[PDB]
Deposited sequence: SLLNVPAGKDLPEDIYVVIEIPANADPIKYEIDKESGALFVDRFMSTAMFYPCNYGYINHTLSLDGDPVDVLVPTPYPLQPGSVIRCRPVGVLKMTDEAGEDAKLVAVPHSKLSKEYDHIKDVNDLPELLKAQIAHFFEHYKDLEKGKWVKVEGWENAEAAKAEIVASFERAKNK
């Protein structure tokens, strides 16, 4: 099941992300249930907003909010909820609800050459970055959250390493 997916081939450089919400989909927030590995409807979002990238998590990690590290993964076409994609981290958007750090990872080079030039957080389209920051600032307006800024691939991997160790 999804409960058995590795954290990655070569942490923190090569990770696997379990997808819960596809890019641009209807406002249904799903989550993988730790008990059955099944896709559960977590909530219907109240705002008229959509996730700008595919949203998921790295299995076998645990951050301080007691949840697995969340990653946002841009792809050329929306992915299937419950699917797994191999990626490499490039940045982290730090915020506070606690501390939520949503990493941004791009598809691994073996899946597509389209993201090869993206190696660090400032290599990502500025508009993509404002749109992601804006979504997190505002998605729970009708349900608090504060963006504090972006950080590089080094910080992202530090976050992966720490959460993985913390999961052990």
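- Numbered from the first deposited residue, the unresolved ranges run 98 to 99, 146 to 148, 174 to 175.
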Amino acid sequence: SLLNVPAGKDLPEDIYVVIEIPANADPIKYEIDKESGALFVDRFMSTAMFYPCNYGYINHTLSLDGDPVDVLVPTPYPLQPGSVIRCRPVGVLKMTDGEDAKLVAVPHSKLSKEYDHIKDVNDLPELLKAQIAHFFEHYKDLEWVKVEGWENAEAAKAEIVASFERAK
From here on, numbers count along this sequence of modelled residues.
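- Averaged over their C-alpha atoms, the temperature factors of 55 to 63 and 115 to 123 are higher for 115 to 123.
- Legend: mean Cα B-factor per stretch from the PDB entry, 26 to 34 versus 98 to 106; the higher mean is in 98 to 106.
- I160: CA B factor lies in the middle third for its chain, per the PDB record.
- Ranked against the other modelled residues of its chain, the C-alpha B-factor of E154 as given in the entry falls in the middle third.
- Among the modelled residues of the chain, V145 sits in the highest third by CA temperature factor in this PDB entry.
- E13: CA B factor in the highest third of modelled residues in this chain (values from the PDB entry).
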